[PDB]
Amino acid sequence: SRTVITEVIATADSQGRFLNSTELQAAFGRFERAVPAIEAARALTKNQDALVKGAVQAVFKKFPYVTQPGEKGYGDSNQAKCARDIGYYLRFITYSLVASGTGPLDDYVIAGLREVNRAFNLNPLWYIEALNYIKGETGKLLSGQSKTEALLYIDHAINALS
Amino acid sequence: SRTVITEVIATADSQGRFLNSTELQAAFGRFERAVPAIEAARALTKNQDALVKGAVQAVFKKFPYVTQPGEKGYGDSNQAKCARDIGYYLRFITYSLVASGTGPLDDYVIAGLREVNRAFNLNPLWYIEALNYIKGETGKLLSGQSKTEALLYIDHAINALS
Amino acid sequence: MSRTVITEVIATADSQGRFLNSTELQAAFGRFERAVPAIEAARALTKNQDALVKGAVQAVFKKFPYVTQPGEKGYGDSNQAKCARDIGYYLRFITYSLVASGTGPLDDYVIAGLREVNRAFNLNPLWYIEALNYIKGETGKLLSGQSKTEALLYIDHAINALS
Amino acid sequence: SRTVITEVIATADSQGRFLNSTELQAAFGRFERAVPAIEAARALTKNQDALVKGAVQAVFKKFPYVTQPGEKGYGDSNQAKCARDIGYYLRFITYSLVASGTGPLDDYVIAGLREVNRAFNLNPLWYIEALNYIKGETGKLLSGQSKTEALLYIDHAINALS
Amino acid sequence: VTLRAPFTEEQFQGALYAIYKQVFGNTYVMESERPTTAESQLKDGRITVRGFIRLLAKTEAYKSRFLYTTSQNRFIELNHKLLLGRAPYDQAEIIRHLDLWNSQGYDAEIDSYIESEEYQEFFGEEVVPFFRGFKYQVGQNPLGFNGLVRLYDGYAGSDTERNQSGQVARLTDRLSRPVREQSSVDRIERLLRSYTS
Amino acid sequence: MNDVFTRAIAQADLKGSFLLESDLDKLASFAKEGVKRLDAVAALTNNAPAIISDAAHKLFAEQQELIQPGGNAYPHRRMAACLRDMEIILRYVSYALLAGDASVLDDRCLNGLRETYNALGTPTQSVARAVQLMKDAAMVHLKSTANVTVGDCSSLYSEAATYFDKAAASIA
Amino acid sequence: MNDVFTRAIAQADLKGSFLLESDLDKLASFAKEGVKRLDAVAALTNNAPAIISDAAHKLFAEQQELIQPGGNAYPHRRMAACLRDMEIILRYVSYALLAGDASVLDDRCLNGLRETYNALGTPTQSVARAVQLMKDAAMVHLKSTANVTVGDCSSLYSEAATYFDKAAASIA
Amino acid sequence: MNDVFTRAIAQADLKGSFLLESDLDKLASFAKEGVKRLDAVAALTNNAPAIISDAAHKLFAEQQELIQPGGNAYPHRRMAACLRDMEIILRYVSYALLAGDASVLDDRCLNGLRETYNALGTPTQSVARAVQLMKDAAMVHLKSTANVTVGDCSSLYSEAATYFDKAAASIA
Amino acid sequence: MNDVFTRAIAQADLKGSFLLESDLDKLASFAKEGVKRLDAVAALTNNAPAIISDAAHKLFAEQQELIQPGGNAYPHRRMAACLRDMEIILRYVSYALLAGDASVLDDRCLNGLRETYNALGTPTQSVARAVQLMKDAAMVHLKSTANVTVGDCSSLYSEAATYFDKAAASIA
Ligand SMILES: CCC1=C(C)/C(=C/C2=NC(=C\c3[nH]c(/C=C4\NC(=O)[C@H](C)[C@H]4CC)c(C)c3CCC(=O)O)/C(CCC(=O)O)=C2C)NC1=O
Ligand SMILES: CCC1=C(C)/C(=C/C2=NC(=C\c3[nH]c(/C=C4\NC(=O)[C@H](C)[C@H]4CC)c(C)c3CCC(=O)O)/C(CCC(=O)O)=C2C)NC1=O
Ligand SMILES: CCC1=C(C)/C(=C/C2=NC(=C\c3[nH]c(/C=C4\NC(=O)[C@H](C)[C@H]4CC)c(C)c3CCC(=O)O)/C(CCC(=O)O)=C2C)NC1=O
Ligand SMILES: CCC1=C(C)/C(=C/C2=NC(=C\c3[nH]c(/C=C4\NC(=O)[C@H](C)[C@H]4CC)c(C)c3CCC(=O)O)/C(CCC(=O)O)=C2C)NC1=O
Ligand SMILES: CCC1=C(C)/C(=C/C2=NC(=C\c3[nH]c(/C=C4\NC(=O)[C@H](C)[C@H]4CC)c(C)c3CCC(=O)O)/C(CCC(=O)O)=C2C)NC1=O
Ligand SMILES: CCC1=C(C)/C(=C/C2=NC(=C\c3[nH]c(/C=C4\NC(=O)[C@H](C)[C@H]4CC)c(C)c3CCC(=O)O)/C(CCC(=O)O)=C2C)NC1=O
Ligand SMILES: CCC1=C(C)/C(=C/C2=NC(=C\c3[nH]c(/C=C4\NC(=O)[C@H](C)[C@H]4CC)c(C)c3CCC(=O)O)/C(CCC(=O)O)=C2C)NC1=O
Ligand SMILES: CCC1=C(C)/C(=C/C2=NC(=C\c3[nH]c(/C=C4\NC(=O)[C@H](C)[C@H]4CC)c(C)c3CCC(=O)O)/C(CCC(=O)O)=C2C)NC1=O
Ligand SMILES: CCC1=C(C)/C(=C/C2=NC(=C\c3[nH]c(/C=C4\NC(=O)[C@H](C)[C@H]4CC)c(C)c3CCC(=O)O)/C(CCC(=O)O)=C2C)NC1=O
Ligand SMILES: CCC1=C(C)/C(=C/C2=NC(=C\c3[nH]c(/C=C4\NC(=O)[C@H](C)[C@H]4CC)c(C)c3CCC(=O)O)/C(CCC(=O)O)=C2C)NC1=O
Ligand SMILES: CCC1=C(C)/C(=C/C2=NC(=C\c3[nH]c(/C=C4\NC(=O)[C@H](C)[C@H]4CC)c(C)c3CCC(=O)O)/C(CCC(=O)O)=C2C)NC1=O
């Protein structure tokens, strides 16, 4: 996958050179960010059972027309898929957070995002505003380095969805 | 040159995108270590003359055969310009410290090293052990973070000469 | 540099450094003989440009009532007027592509850089798919025979590029 | 502006006298020659486009060397501003015909043309051959006295450019 | 210059020298920059000459020389002149390559040169690229030869970043007029109409 | 490059106007007389070696100084280059004839050519003469009424004369 | 490819001397303040869609010529080119902000952009107006104090303003 | 007017004391840099026509309404007066640079420009843009090292920039 | 790139004539003493690194500002560039000496050298002086009577001196 250690080893081995100063810095810096990221990962792993429901209700509120009959959001199975999507999203957010790199995030949601979205008529705005809801609520859920660590990853995800 | 910030801008320019979170994390960790590196640069800048003279004398001591006539070290200009070379190396190592990257070394001494060493029949061993003596002096002149920070560039240049 | 079977054969012959062989002349003559239905369809559309555009914008509003309400793109009198202008552009390039008997005009002038502008101005492709579906429904009755088939084919190309 | 009517009125005002014979005879002269002048101006206003664009072509043909890439005459904006300037000149020649005096030329384009020309390295010749083109056509478009006087005013235009 | 399967030590250094002289221009390459691992991977045929050239194009020496100090027009011109031998033909190529860069990264941008069809026939797996736009190449404009002539200043010269001019574009001026100056005449009337207001 | 179809499109566009009925009339006429145009293009194509050889024979008859030592076409490599250039110009004229407008001939062939020959030292007056000789030796093949239906084609004859004159004037 | 520390090193090397005390003082001050610069860079990065969209809206509202047919951002491909150019300018402005140096902008992105736009007939003035609308939206987005510790950023604001002004002046 | 030495003598007379040693030190510092001042003023004077010409180029490019009819540069006599204004403002800023005291520019030049251009109808914002373009064009030749001994003169750059800023804020 | 034989052949061809008897005498005399030419080339090759090293030592002793910080040859990369330029130029002089004509120089060595040096800011006078020093260092090796047969080679000395002088004059 991709972490900070990933770019460390890749940019150290592309030149075929022994590990110099800069990638050692990058490894150390990644190592120091590990514990606030782990604290935030615990904080966002505890809240998932209510986070998913908050997200689905936010989606149903933002778009009144999606939930009405004859549209994508209507239906028990459709909303079950919405819940599964949001749970997967949060799980990979936690994965990227603990890994200190968006590698799992990148290759799990970004890889195959736009084409699959146009394939199943997934409007990116739905997930953009759902992740905006998660960003806003994690703004109060986390503070300090943990808050910023979660928010930058949410921002990366939403910019990927755009 | 090639510093941490420059490497970030290069990896974000060649790939033609904005700066992701991880690159900013690397930048902010570099900013964290900035103070020890600039302190090391301060300390080496003050002691420049004594460091250079000690290194030159260590060169003469380790290689006794260099001094006598008919050899590289004989003649006042020869060791005067040895002092010039040692000052060059020390200046570029302080440059690396300030820039917080191995750039100035790689651009001003490393790139072009073996051609000049083999053309003028110089020896990498002279400068290797001279930088070893500079290592010895900076062992006591510095402590804590700045110490190992300077050591990293010193022995990086040593491996470059080795 | 718009592509057309004439342009395509000239390009695939210049690429190989050869004169136009028999098959390229077959394709060119085929286009030349189909030109008359295509030009007929083009003039038929050109006469009825305004009715088709107005119907398309009304159908877009009808299938998407939520956009019409304030706080959305559909709000705005001049906004809706140059919505009609946008569907006018789409129909215009449909007629251009019919005259050219190729997707080159449509491709270059709309399809090239389509999704980028759709995103950066938050323009839903489904709006324009609705508009072109209405234009399909209309041209079903105006045109018949080969001209209708050509018009439906080019509308299909544009919709698929949007979709 | 500056007209024979205006010259009369100013040369009577600065001396504070009522007008006497000589200047009002000059006024007869102006008012009688107005009609040929004004029809000549009408004709010039009738044919402007050919005059301007063919003048631009004539400048190119008489100065091929300004057309190529990399010199000052090169450029789409440069050709546009050619046409603009020559249109202005035709403008003001017509104006002078209307005023039956060389005033407006002097007020607008003759006042300070030298230093603005050398300010942008403008060659006044270019405009002189443009005028030569213009006299070439007005040798045909007009007849006699109107033709004579249009030639007079344009000749004065070159002379001032000379 | 080629590299067959049973090749020996001799001319392998010569093949490397030809590769560096072509890919990097006449710009010097200190062995502080030569990728030894790529050369070893070439020595056993694990990679072709095409693969080794892809590697060099994706090194930081190639980027340092041609990507950072330069604009993107100059980058495309140099990529053509070095990895293909010819000048670009029109802004169709420039637009395609610039869009490909901004959308898919330098990696895909260089692949569009290396794994291209043109590179497949003219050079292929085991031929070092050579300046071939001097001889008439099938399906070119008359400006391809002129462009390669303008880019190539001589055997002694090179397209180096570290000069007074700062490695400015040589050919966008040349490639400029034909592509987008067909609408000059009407743009003239539009500009006059704007000025007269 | 653009044919006359896309000329009509482009001039309709850059003024934001639909194609007029009259423009559709001219283009439909272009399409109906298109079969004669295909005949002319095939006449140029299938008789290319004949046209090129005739033009070359006349050209080296008029000015022998090309083929004698020290001449541009002499060293038997530059002769092949001369014949190849003539083939290229003929090919682009046939392209412009099929298209209907000289965009192919004036973009893909004639832009950088005069100063290409200036760089090579090739005389351009001789190249323009060669193009005109090809025009002469190609009109006779273009007018060949055998093995084809008969009809008036003075329009296409003027068209091809204009294309050859255009190439010769651009190159010289 | 230079940042502020690398410019300082370059000067110190042209002089042939070590870095002076004042130079190290200002570089340490810059590095200590750099955490605020990183937040400004992240504000430009995460919001660039908004800046570009707003700048385009105001630009084409002011000059509705560039959307007219025959205008220079008329077709979808030229509109895409306009937006992509604005985005690249903003990218290199944020790169200069990170490095605290206008070397990356001036070399990589603006060494020959004026001649490119003149060659392609693009109105450089509308390009400069797009850059200035970008700078206005960027200032508004930098003023935002959401999720960050409040402080004084007038240094970064002035640097961003001078970066955008350098971009505009180099374009036109 | 009142030069830098005149300024020092003025303050000495006003407080009625002699010159302090620091006063002699700073006046000697001014005396030693007079060579650099000579270089700067020579650079400005020699390049003056070029600088004003290109500055006017960017001026009329950025603001295209001034030149066109109804603008304050249109009647082409106003153009001559405009060129006179650029040259005279550069002349007085060169004067102020030479003297090292901005008194001459403030009194002899900027006392009445505000009311003058109110009475003349000139857009003064345009004139401020003009003088800013002057400093942009002039700093080029300022950092030019052609034909002269090289040396850091950052104080001279900053002083010239402050002089132009004073002039701009004045006419602003 | 033409040896003596191919230069003579080209002249004969331009005169449209077979090779004269006197020209064949010249070429036979050349190919007769060609072993002396081979010895001179082997002395320039075998004793090359000594020539480059000695010439560089004398050059950097006589002209010290190059190796100073800010000098043209200051860092390691520029010293290596110096050494590679000198080795290439010695190599090309050996090439010309073997061939017999300066065709290899003016084709490959000197093709755009002045343009390169004027672009790089290199002082061409210094490079010419380096080529002069290589001349002096190389004449010593060429005149080495040891390890060869004794015989007059004044013509080779004059020819190689002309080659070095031509290289210097082309660089200068
Ligand atoms: C590996 C991680 C992962 C992701 C990222 C993911 C997204 C995703 N959602 C899908 C379907 C879907 N997704 C939705 C949900 C949307 N429509 C409305 O209900 C809402 C407004 C909105 C959610 C808030 C719906 C309704 C479908 C059904 C197919 C369709 O939309 O056409 C599909 C198609 C295949 C499937 O899962 O059944 C994918 C790949 N799935 C994954 O396993
Ligand atoms: C980028 C910084 C830089 C370096 C590193 C550098 C190395 C360098 N050392 C040189 C000479 C020399 N350098 C030495 C150094 C020796 N003196 C003592 O004896 C010691 C044993 C030993 C040093 C520890 C000697 C003996 C020479 C003379 C040998 C020769 O010139 O061939 C020269 C030849 C040109 C000259 O300086 O006149 C270079 C280029 N030059 C540079 O511009
Ligand atoms: C030549 C081909 C071409 C097309 C087609 C094109 C479309 C286009 N759509 C735009 C945005 C827009 N598009 C629409 C149309 C929408 N309004 C809704 O009511 C409807 C559902 C829908 C119409 C079906 C509107 C209202 C805007 C303006 C939104 C805004 O700026 O607030 C704009 C931005 C123009 C501006 O600056 O205001 C363009 C240029 N551009 C092109 O170059
Ligand atoms: C009242 C009537 C009037 C006059 C007399 C006048 C002179 C005049 N012509 C101008 C444009 C210009 N006109 C020309 C010259 C023309 N273009 C070239 O292609 C040809 C060689 C030549 C046509 C024969 C040039 C070179 C400029 C602008 C200077 C520049 O941008 O380099 C400018 C503006 C300079 C600029 O924009 O840079 C002035 C003041 N302006 C007026 O409004
Ligand atoms: C696709 C459009 C295109 C054209 C038209 C074109 C012309 C062209 N002809 C060339 C060669 C040549 N062409 C000629 C022909 C001339 N000699 C006599 O005067 C004849 C009258 C006359 C022929 C009509 C000669 C002699 C050369 C070789 C020139 C030399 O070696 O000095 C070359 C240089 C490349 C080569 O060596 O083959 C070009 C670029 N190139 C193109 O890419
Ligand atoms: C296989 C590729 C292909 C070719 C070759 C082609 C040419 C072609 N020309 C035709 C008639 C014709 N062909 C010509 C052209 C000739 N008459 C003039 O006198 C000249 C001698 C000469 C042209 C310069 C004319 C004038 C017609 C009559 C059509 C009309 O009335 O416009 C016909 C219909 C008659 C038939 O099928 O036998 C064809 C198919 N069409 C094709 O799809
Ligand atoms: C990496 C640094 C870099 C950049 C960013 C760059 C920009 C750039 N802009 C171009 C054309 C263009 N540029 C624009 C945008 C302009 N026209 C509109 O009026 C706007 C006001 C304005 C945008 C702010 C447009 C519309 C084109 C297309 C012109 C045409 O197709 O005729 C081109 C040539 C073809 C292409 O679009 O790829 C380049 C290379 N060049 C570089 O080396
Ligand atoms: C890993 C990526 C990254 C993040 C997430 C980040 C946020 C961030 N901002 C910080 C301080 C700060 N951040 C800002 C900037 C903000 N304040 C103003 O309101 C501006 C509107 C706004 C942006 C311009 C300021 C002014 C400070 C305090 C200055 C200081 O360091 O003492 C700190 C240091 C915490 C502390 O000093 O206790 C962090 C970690 N920085 C980073 O490098
Ligand atoms: C006749 C009127 C006159 C002039 C024109 C003049 C210029 C001048 N400047 C000099 C030194 C100098 N001149 C300058 C200024 C230049 N160097 C900087 O790099 C800038 C490029 C530029 C200033 C912006 C400097 C820095 C020195 C070196 C003095 C020092 O040590 O500070 C010298 C002495 C060196 C020599 O004679 O060759 C002269 C004559 N002196 C005069 O009496
Ligand atoms: C045909 C074979 C061939 C030649 C002849 C050749 C000349 C040549 N010398 C160069 C650099 C150089 N060459 C020198 C050496 C000169 N400067 C000093 O004054 C020395 C005294 C003097 C040596 C005699 C230097 C210093 C540079 C680098 C200049 C710079 O980087 O700005 C470069 C630029 C390459 C690069 O970017 O590194 C070329 C092309 N290149 C070739 O492929
Ligand atoms: C690698 C292939 C090869 C070479 C190159 C070679 C050199 C060579 N040197 C020779 C003698 C010679 N060599 C020289 C040249 C020398 N005279 C001195 O003054 C100069 C230092 C120097 C030339 C500048 C001369 C003059 C002779 C005597 C033969 C004669 O005068 O023609 C001979 C003729 C045999 C003899 O009489 O001894 C050969 C073949 N042998 C080989 O197998």
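Residues numbered from 1 in each chain as written, not as in the entry; some residues may be left out. Chains lettered and ligands numbered in written order. Part of a larger assembly, values for the part shown. Heavy atoms only, no water.

Under the PDB entry, chain A has the name CpcA and belongs to Anthocerotibacter panamensis.

The name given to chain C in the PDB entry is CpcA, with the source organism recorded as Anthocerotibacter panamensis.

This part is about the packing of helix α4 (residues 48-62) of chain H against helix α8 (residues 124-143) of chain H. All names here are of chain H. Running from N to C, α4 and α8 point in directions that differ by 135°, and their axes come no closer than 9 Å. Taken together, the axes of α4 and α8 lie oblique to each other. Seen from above, α4 lies across α8 with right-handed handedness. Contacts between α4 and α8 pair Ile51, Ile52, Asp54, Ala55, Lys58, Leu59 and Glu62 from the former with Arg129, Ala130, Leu133, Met134, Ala137, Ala138 and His141 from the latter. Its residues assigned to classes, the contact of α4 with α8 comprises 9 nonpolar, 1 polar and 4 charged. (Axes fitted to C-alpha atoms, helices over the stretch in contact; angles between N-to-C directions. Helix = DSSP H or I, 4+ residues; strand = E, 2+ residues; numbered from the N terminus. Parallel < 35°, antiparallel > 145°, perpendicular 65-115°, else oblique. Left-handed = near helix turned anticlockwise from the far one by under 90°. Contact = heavy atoms within 4.5 Å. Nonpolar A, V, L, I, M, F, W, Y, C, P; charged D, E, K, R; others polar.)

Surrounding ligand 6, one finds 14 residues, the nearest of these being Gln26 of chain C together with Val35, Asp39, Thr149 and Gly151 of chain F. Chains contributing residues near ligand 6 are chains C and F. Separating a nitrogen atom of ligand 6 from a side-chain N or O atom of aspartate 39 of chain F is a distance of 2.8 Å. Taking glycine 151 of chain F, its main chain carries an N or O atom lying 2.7 Å from an oxygen atom of ligand 6. For ligand 6, whose free accessible area comes to 910 Å², the fraction covered by protein is 61%. Every element with two or more residues in the shell around ligand 6 is listed here: α2 (22-47) of chain C together with α3 (34-46) of chain F. For the shell around ligand 6, the leading source of residues is α3 of chain F, giving 3 residues. (Near = heavy atom within 4 Å. Polar contact = N/O pair within 3.5 Å; in protein donor to acceptor, adjacent residues only side chain to side chain. Areas by Shrake-Rupley, 256 points an atom, 1.4 Å probe, with all protein chains shown as cover.)

A few words on the packing of helix α5 (residues 77-100) of chain C against helix α6 (residues 104-111) of chain C. Each pair of packed helices can be summarised by the angle the axes make with each other and by the distance between the axes. Residue and element names in this part refer to chain C. Their axes nearest at 7 Å, the elements α5 and α6 cross at an angle of 150°. One finds that α5 runs roughly antiparallel with respect to α6. Mapping the contact onto sequence places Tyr90, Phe93, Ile94, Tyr96, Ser97 and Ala100 in α5 and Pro105, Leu106, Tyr109 and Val110 in α6.

A few words now on the environment of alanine 150 of chain A. Residue and element names in this part refer to chain A. Relative to the helices and strands, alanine 150 is located in helix α10 (residues 145-161). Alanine 150 sits 37 residues away from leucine 113 along the chain, and the two C-alpha atoms are 21 Å apart. For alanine 150, the contacting residues outside a window of four places in its chain are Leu44, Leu97 and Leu142.

In this structure chain A stays clear of chain F, and the shortest span between their C-alpha atoms is 31 Å. As for chain I relative to chain A, no contact occurs, and the smallest C-alpha gap between them is 19 Å.

Our next topic: the site of ligand 5. Contacts to ligand 5 come from 24 residues, most closely from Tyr136 and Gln140 of chain E together with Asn72, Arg84 and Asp85 of chain F. Around ligand 5, the nearby residues trace back to chains E and F. Here a nitrogen atom of ligand 5 sits 2.8 Å away from a polar atom, N or O, in the side chain of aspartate 85 of chain F. For ligand 5, an oxygen atom lies 3.2 Å from a polar atom in the side chain of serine 126 of chain F. The protein chains hide 94% of the 900 Å² of surface that ligand 5 would expose on its own. Within the residue set of the shell around ligand 5, elements represented by two or more residues are α5 (78-99), α7 (113-120) and α8 (124-142) of chain F. If one sorts the elements of the shell around ligand 5 by residue count, α5 of chain F sits on top with 8 residues. Broken down by class, the residue content of the shell around ligand 5 amounts to 13 nonpolar, 6 polar and 5 charged.

This part covers unusual backbone geometry. Backbone geometry places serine 100 of chain B, a non-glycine residue, at a positive phi of 55°. Judged by its relative accessible area of 1%, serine 100 of chain B falls in the buried class. With a phi close to 70°, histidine 76 of chain H is a non-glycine residue in the positive phi region. The residue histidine 76 of chain H is located in the loop between α4 and α5 (77-99) in this model. (Buried < 20%, exposed > 50% of the residue type's maximum accessible area, 1.4 Å probe, protein only.)

With 33 residues of chain B at the interface, the matching set in chain G holds 35 residues. Counting each side, the surface lost to burial between chain B and chain G is near 3,100 Å², with a carbon and sulfur contribution of 71%. Of all residues in chain B, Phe18, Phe31 and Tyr95 of chain B bury the most surface against chain G, accounting for 23% of the area lost on that side. Among the salt bridges present, the one from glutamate 21 of chain G reaches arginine 42 of chain B, with a minimum N-O distance of 2.3 Å. Linking chain B to chain G there are 11 residue pairs in polar contact. Those elements giving two or more residues to the side of chain B that touches chain G turn out to be α1 (4-14), α2 (21-46), α4 (76-99) and α5 (103-110) of chain B. (Buried area = accessible area lost by both parts, 1.4 Å probe. Salt bridge = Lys/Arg side-chain N within 4 Å of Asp/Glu carboxyl O.)

This part is about the nonpolar core. Within the largest apolar cluster, 118 residues are counted, with the highest numbers of intra-cluster contacts made by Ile86 and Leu131 of chain B together with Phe60, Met86, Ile89 and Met134 of chain G. Considering each element in turn, this core owes the most residues, 17 residues, to helix α2 (residues 21-62) of chain G. Beyond its immediate stretch of four places on either side in the chain, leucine 131 of chain B contacts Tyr89, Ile93, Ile154, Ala157, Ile158 and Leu161 of chain B. Counting 116 residues, the second largest nonpolar core, distinct from the first, contains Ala42, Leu45 and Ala158 of chain C together with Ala167 of chain F. (Core = buried A, V, L, I, M, F, W, Y, C linked by side-chain atoms within 4.5 Å.)

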